[PDB]
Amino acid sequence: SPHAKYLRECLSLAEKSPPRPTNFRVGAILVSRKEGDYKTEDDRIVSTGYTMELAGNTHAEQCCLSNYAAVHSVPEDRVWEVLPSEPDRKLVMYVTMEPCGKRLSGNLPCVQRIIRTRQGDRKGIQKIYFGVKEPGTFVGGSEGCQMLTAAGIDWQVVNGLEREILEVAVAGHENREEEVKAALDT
């Protein structure tokens, strides 16, 4: 029931991203939630991020994790060491678009950044909610979801915001409206 509201908040974050011809403007919010029959009032925000918030070609989930790493004085690849890990609460990430499993640049894709939060005695991110089953990349597809499943990370599509998520995501693109159609038809 709170998922649509979190995704709208993710979309507001995405709107902070600079429109560019080749980026996908996405927002992400990391939440600590009680396991079981939880109450939304007990959710705690752990971090937020959006595309290109941090210098260079950075994705929303990447920035969300890197923001937390910076606040906790660790390199971003070591954010797993500092993310919350309490057995009765789980970490859930909301993100407007499906986390990428492949990138055009040489940068590590977002699903791999998510999977590596589960190391040692740290539970890591247990579930991803997103609003469109397309990644924030030109590659498209579902490879991110396949890798999450293979790694034991739950995911769930939250319907009802697809057009707005795509319109924001591709705002900087030359033929954005035609591209939004192609995605909505897919």
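The numbering used is simple: start at 1 and walk along the sequence shown.
Considering only other entries where residues before and after it are modelled, is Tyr129 without coordinates in at least a third?
Modelled in all the others, so no.
Counting the other entries of this protein, is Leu65 left out in at least a third of them?
Modelled in all the others, so no.
As stated in the PDB record, which stretch has the larger average Cα B-factor, 176-184 or 4-12?
Per the deposited B-factors, the answer is 176-184.
On mean C-alpha B-factor from the PDB entry, just flag whether 14-22 or 164-172 is the higher one.
Mean CA B-factor is higher for 14-22.
Of the choices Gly120, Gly136, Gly131, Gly124, which one's C-alpha carries the largest B-factor in the record?
Max CA B-factor in the entry, restricted to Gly120, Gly136, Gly131, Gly124: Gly120.
Going by the deposited entry, which of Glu41, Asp154, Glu53, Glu61 has the highest CA temperature factor?
Of the options given, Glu41 has the highest CA B-factor in the PDB entry.
Looking at the temperature factor on the CA atom of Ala70, which third of the chain's modelled residues does it land in?
Lowest third - that is where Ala70 ends up once the chain's C-alpha B-factors are sorted.
So where's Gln112 on the chain's Cα temperature factor ranking, which third?
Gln112: CA B-factor falls in the middle third of its chain.
B-factor third for the C-alpha atom of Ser85 within its chain:
Middle third.
Chain third (lowest, middle, highest) by recorded CA B-factor, residue given as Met147:
Top third by C-alpha B-factor.
By the record's CA B-factor, is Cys100 among the lowest, middle or highest third of residues in the chain?
Its C-alpha B-factor, which the entry lists for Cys100, ranks in the middle third among residues of this chain.
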